[PDB]
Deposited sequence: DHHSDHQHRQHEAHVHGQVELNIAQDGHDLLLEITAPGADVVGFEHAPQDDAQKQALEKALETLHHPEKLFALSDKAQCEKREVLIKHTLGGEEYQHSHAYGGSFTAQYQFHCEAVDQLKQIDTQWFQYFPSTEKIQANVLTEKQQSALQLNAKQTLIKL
């Protein structure tokens, strides 16, 4: 649990695209404590509302016909967020890459450690706000 670091595990199995996020609360909300005031209350609500749009946090090509099947959000109060997302991509052959928008929604994240398991290969890469491409 390192502030500014986010864990990203992507699994691709047939039409199943599963992405899991482990993010410190400092990255997602801007602080890991109980909301002191209304500003912080809004920060938390904005975050939680953002976390249920993995289709905004991960740019999936329309051609891949990716539909959201699962949105799980776990907040543990330090403080941590786990999000687990499942897409069913009816043209998964056309999902060449994912362009993560994480750094745009949560700019206090500096690096994501991405693990990508597909039918063909495991691969790792470190992402930043400028290098957001994941190849499948």
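Q: Just jot down which stretches of the deposited chain sequence have no CA coordinates, in the order they come.
A: Seq positions lacking coordinates: 1 to 13, 91 to 101.
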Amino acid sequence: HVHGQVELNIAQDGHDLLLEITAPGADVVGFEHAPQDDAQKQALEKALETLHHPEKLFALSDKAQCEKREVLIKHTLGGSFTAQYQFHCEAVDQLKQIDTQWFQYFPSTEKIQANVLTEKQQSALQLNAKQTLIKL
From here on, numbers count along this sequence of modelled residues.
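**Q.** Stretch with the higher entry mean CA B-factor, where the candidates are 116 to 124 and 15 to 23
**A.** Result: 116 to 124.
Q: Identify, among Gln97, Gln36, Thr50, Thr100, the residue whose C-alpha carries the highest B-factor in the deposited PDB entry.
A: Spelled out: the listed residue with the top C-alpha B-factor is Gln36.
Q.
So if I compare the CA B-factors in the entry for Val6, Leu133, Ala129, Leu136, which one is the largest?
A. Highest CA B-factor of the listed options: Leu136.
**Q.** Position of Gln65 among the chain's modelled residues by C-alpha B-factor, lowest, middle or highest third
**A.** For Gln65, whose C-alpha B-factor we compare with every modelled residue in the chain, the answer is the highest third.
Q | For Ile73, the third of its chain into which the C-alpha B factor falls | A | According to the entry, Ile73 has a C-alpha B-factor in the chain's middle third.
Q.
Using only modelled residues of the chain, where does the Cα B factor of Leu57 rank: lowest third, middle third or highest third?
A. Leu57: CA B-factor falls in the lowest third of its chain.
Q: Could you look up the Cα B-factor of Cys89 in the entry and say which third of the chain it sits in: lowest, middle or highest?
A: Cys89: CA B-factor falls in the lowest third of its chain.
(Q) Taking only the Cα B-factors deposited for this chain, tell me whether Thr109 sits in the lowest, middle or highest third. (A) Its C-alpha B-factor belongs to the lowest third of this chain's values.
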